[PDB]
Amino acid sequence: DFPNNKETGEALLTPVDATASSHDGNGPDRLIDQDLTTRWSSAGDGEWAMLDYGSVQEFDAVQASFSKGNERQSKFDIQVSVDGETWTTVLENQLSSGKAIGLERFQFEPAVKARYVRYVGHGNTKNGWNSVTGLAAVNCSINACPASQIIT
């Protein structure tokens, strides 16, 4: 329902750091490697993974791909922050499609200011695991927001 999305745009920004509240060895670096075969995994409600973009940027969406994303739905919020201390929730009570392993986009408007973007997990529809294979913040005004990342 965002009709101004485009199929091409500028390169996605590269985070300067990716961190997490915890993980099982499958660390948050595996969010940012453009590889569906690697994941961040952390069990429990409220565990998080955070991307630091190094400076304040504007974003109106995330794209995320989910472990076993064709078998179960992941539950999550997205928060952002200018300073890394005060957080704003931009997406709440999100649910992945449960219908694909590739990138899915979760978009809002308008774009907001953020240096730091974080995925706050609430497990999945089968169990408490937060297991994500890819995460990136995006700005649909300047980056591609492909129709193929709307799953249904």
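Residue numbers here begin at 1 and follow the sequence given.
With 59 to 67 and 93 to 101 compared on mean CA B-factor from the PDB entry, the stretch scoring higher is 93 to 101. The mean Cα B-factor in the deposited entry runs higher for 84 to 92 than for the other of 84 to 92 and 115 to 123. Annotation for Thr14: CA B-factor lies in the highest third of the chain's modelled residues.
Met50: CA B factor in the lowest third of modelled residues in this chain (values from the PDB entry).
Among the modelled residues of its chain, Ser74 has a C-alpha B-factor that falls in the middle third according to the deposited record. In the PDB entry, a CA B factor belonging to the highest third of its chain's modelled residues is recorded for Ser22. Ranked by C-alpha B-factor against the other modelled residues of its chain, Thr37 falls in the highest third.
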